[PDB]
Amino acid sequence: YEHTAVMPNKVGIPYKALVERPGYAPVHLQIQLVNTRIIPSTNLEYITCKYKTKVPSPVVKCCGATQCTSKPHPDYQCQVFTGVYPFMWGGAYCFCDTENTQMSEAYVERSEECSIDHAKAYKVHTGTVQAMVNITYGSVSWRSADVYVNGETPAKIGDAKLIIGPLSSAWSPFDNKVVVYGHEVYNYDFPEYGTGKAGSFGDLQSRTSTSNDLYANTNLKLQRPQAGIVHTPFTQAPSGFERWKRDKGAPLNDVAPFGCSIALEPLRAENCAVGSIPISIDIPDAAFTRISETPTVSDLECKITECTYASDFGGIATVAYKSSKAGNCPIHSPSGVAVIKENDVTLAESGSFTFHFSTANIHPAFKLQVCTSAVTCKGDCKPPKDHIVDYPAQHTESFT
Amino acid sequence: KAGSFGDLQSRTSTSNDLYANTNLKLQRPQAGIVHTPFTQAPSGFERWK
Amino acid sequence: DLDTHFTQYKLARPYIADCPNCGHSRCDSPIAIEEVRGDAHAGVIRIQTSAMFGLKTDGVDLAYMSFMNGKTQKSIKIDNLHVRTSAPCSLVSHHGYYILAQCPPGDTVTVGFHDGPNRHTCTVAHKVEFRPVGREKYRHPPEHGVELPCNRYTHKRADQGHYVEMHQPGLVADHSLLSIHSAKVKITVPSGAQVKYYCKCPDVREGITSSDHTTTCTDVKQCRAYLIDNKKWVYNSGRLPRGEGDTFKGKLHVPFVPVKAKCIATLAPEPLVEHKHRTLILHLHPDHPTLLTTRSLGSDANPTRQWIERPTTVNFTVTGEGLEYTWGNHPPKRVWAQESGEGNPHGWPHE
Amino acid sequence: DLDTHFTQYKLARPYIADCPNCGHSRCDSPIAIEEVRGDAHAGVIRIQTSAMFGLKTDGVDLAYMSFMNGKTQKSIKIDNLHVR
């Protein structure tokens, strides 16, 4: 009636679970969970990206004490130098020849790369967003729609109002502080905007890439030009964004737990490959098939006629069904112990009818819950040739 | 005998036939370029001394 | 060419700036490289010369060459120009004071034309990099392997996508600026600019002004040789101070923003995704540092870091729901569990 | 500069080709390099351009340079070449 299911989240590949119904005959309920994501409520703390010491023209005052005044920026790095005096075609820009003081100023301003294919910080609160789930069933075939995976009322789509998780598969492979960057997404601690560090991540901390404000502890040190003429060297410590290809904070699309892989995303971890999701469903009693409309199928025997061990659904097994009525019969292994791909297998009195499956067990000692009659479809299957391809459809996963 | 002696195995000098398990691996000539890059294991006349 | 961003382009004057390594490890020249941008993951660098090649003051051609000899242009053919890094570049486009050029990687930038009273070239150190988008570590990508989504700068011009403040250019040395008005030292404009002129002697020195002028103190070295631009803008530099008082707004885009393109890109010679029973053995054959890493698809994270630039069968114990394997910034593999052994029967006489 | 073995020269035309690497953004050069024979223990290199320099289609001189512009030759001097 209410379809409990330990039933992981794998790619999208079709894989089944089974509604053990007791008042009426069991009906399958393929819970194929395509993905899950988390999307906690968030706040953009600062974009990061490799710096550019893009000088916004020096405030100089070669007369007496040189001044540094920021113009549409919070800070300006400015360092006085003497022993140099400006010549660039002769004359001087300096306006005292009684004080030969030279104010070199250079501030960091966001790179153009900050806009695009960039690190982007977040303070990540509490998950609130759905999980995409296919449900095929033995009274409706397929629907692949998003239904909540956390408490705020899961939607009813198909013959199944289905409560997923909470947050099982993509629990949140994110940390509190998260940077997300193209390929490698980093669940990595760093301090909020205003106090960052050059060698650590968040050397540049601009509130937005476009915005003309940041905090630039990039360890920008101007050096004294020589030979009696001005220039402005930028000496800067290794970037907190060139790390992401060298130093690692955890490159989450290559180190994620929960089977999920990651991209530039608003704190989603798409396309999981584990979940062991405890999905619990309210399927109406009507959607079930009766234990009179479908026989009690007992006095059956199942034997493989060519099982396939793999997530490959070429596994078959005749079952010499013995009906006490006779009719249709939705089937699936009890909530994954193998994945069965025949929605319904026909049952007649003393007949035999093959169904299709794929083994989620090494050998097919999987029960097949033939609408009030379990049966082991024992034998042996095709080679395990495969273990280099996607995320399985051999639900019951913990070894398959 | 790739990456050792007999990576090249010619039974005639100035060869027109040989047996060359040299670990010859072609790669993509990216950006619409027509060329053949050859990635090959070192030979019995590139080291083994 | 395009005048759809005559904001920078038209309203750009040749800018003069000191060279720090030249002909005595110092010379006077217009050129002097600020804002070298090897920040793309590609092969192309956006550069600012101080000199404003591009047009002249008109609208036509990025293939002219206007540098400063004097405070005046020298609007000639771009054929005496040599942009180079540590080796000759191939120009992509110039717009404003900014040139985009596909350059080999290089520690320095080396520009030069003999059109001055001297060698008149300029060199400076400025950091250029290209590297893989995530994973892998390379500098400049190989000529072989996969192409994949790098940052790279445009093949075109007059763009926008980011903007750096270019709010008031000002004072630079050049005594053509500070000529003499037959007694007193006289500010001049490039092509028209609002110059907030003054000298050490008391005067107004703030305001949006070409009402600030001081003649009271006389000498080119006691006065502010300016081109306070606001309609002849140049990119702001360390060798381009601004007037001490308020900015004249002039935030201006970059028309050479990083866009996606197919770079010749990074991927070291092919991997082999091998498998045995609950294990990805991975015979690998790279010629370059490829960040291999894997992720056991269970609720285990299984991080990995290992540079593979050495041909190696490595192993990652695939958990019971698969592993994924991320061979550089070349596309992710994914692998289910169950076991294999590469097509080994596990039993097969049917029941 | 003279041409005697018309085995290669006459019974050939320059064949257009695309350089393997010529910066990030390649130049198309019909003098694309295959078969480097620089494995001399001296320092001297024989190179194969895809271009058939030599003759134009005439009888004399390796002093010309016939590379491909179009499907057609471009038979000019060889002295603009610089191996380095």
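Easy rule for this one: first residue shown is 1, then count along the chain.
Every residue, even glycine, has its Cβ placed from backbone N, Cα and C.
In this structure, A:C114 (disulfide bond) is part of a helix by DSSP. Around the Cβ of A:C114 (disulfide bond), a 10 Å sphere holds 28 further Cβ atoms from the protein chains shown. According to Swiss-Prot, the disulfide bond annotation covers A:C49-A:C114 (among others), on the basis of similarity to another entry.
Marked as disulfide bond by Swiss-Prot on the basis of similarity to another entry: A:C62-A:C94 (among others). Around the Cβ of A:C62 (disulfide bond), a 10 Å sphere holds 26 further Cβ atoms from the protein chains shown.
Look at Swiss-Prot and you will find A:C63-A:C96 (among others) tagged as disulfide bond. The number of other Cβ atoms within 10 Å of the Cβ belonging to A:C63 (disulfide bond), over all protein chains shown, comes to 20.
Annotation for A:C78 (disulfide bond): same-chain Cβ neighbours under 8 Å, separated by at least 6 residues, are A:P58, A:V59, A:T66, A:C68, A:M103, A:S104, A:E105. Under the heading disulfide bond, Swiss-Prot lists A:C68-A:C78 (among others).
According to Swiss-Prot, the disulfide bond annotation covers A:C260-A:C272 (among others), on the basis of similarity to another entry. Here A:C272 (disulfide bond) comes close to A:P8, A:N9, A:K10, A:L33, A:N35, A:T36, A:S169, A:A170, A:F258, A:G259, A:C260, A:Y391: these same-chain residues lie at least six apart in sequence, with C-beta atoms under 8 angstroms from its C-beta.
Per Swiss-Prot, the feature disulfide bond maps to A:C302-A:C377 (among others); the stated evidence is similarity to another entry. In sequence order, A:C302, A:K303, A:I304, A:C307, A:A317, A:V319, A:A338, A:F357, A:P364, A:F366, A:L368 constitute the residues six or more apart from A:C377 (disulfide bond) in its chain with CB-CB distances below 8 Å.
Annotation for A:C381 (disulfide bond): same-chain Cβ neighbours under 8 Å, separated by at least 6 residues, are A:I304, A:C307, A:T308, A:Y309, A:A310, A:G315, A:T359, A:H363, A:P364. DSSP assigns A:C381 (disulfide bond) to a strand segment in the three-state reduction. Annotation comment: Swiss-Prot describes A:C307-A:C381 (among others) as disulfide bond.
Around A:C371 (disulfide bond), the same-chain residues six or more apart in sequence whose CB sits under 8 Å from its CB are A:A25, A:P26, A:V27, A:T289, A:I291, A:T294, A:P295, A:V297, A:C329, A:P330, A:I331, A:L347, listed in sequence order. Among the features that Swiss-Prot reports, disulfide bond is placed at A:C329-A:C371 (among others).
Annotation comment: Swiss-Prot describes A:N134 as N-linked glycosylation site. Here the Cβ of A:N134 (N-linked glycosylation site) has 19 other Cβ atoms within 10 Å, regardless of which shown protein chain they belong to.
Marked as region 'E1 fusion peptide loop' by Swiss-Prot: A:84-101.
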A:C96 (disulfide bond) to A:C49 (disulfide bond) - Cα separation in whole Å: 40
For A:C96 (disulfide bond), the three-state class that DSSP assigns: coil
Disulfide-bonded residues compared (A:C49, A:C68, A:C302, A:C307) - the one with the fewest other Cβ atoms within 10 Å: A:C68
Cα distance (Å, whole number) from A:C94 (disulfide bond) to A:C63 (disulfide bond): 8
Alpha-carbon spacing, A:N134 (N-linked glycosylation site) to A:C114 (disulfide bond), which is rounded to whole Å: 38
Rounded distance in angstrom between the Cα atoms of A:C94 (disulfide bond) and A:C114 (disulfide bond): 35
Chain C neighbours, filtered from recorded positions A:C68, A:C78, A:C96, A:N134, A:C329, A:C371, Cβ-Cβ distance under 8 Å: A:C96
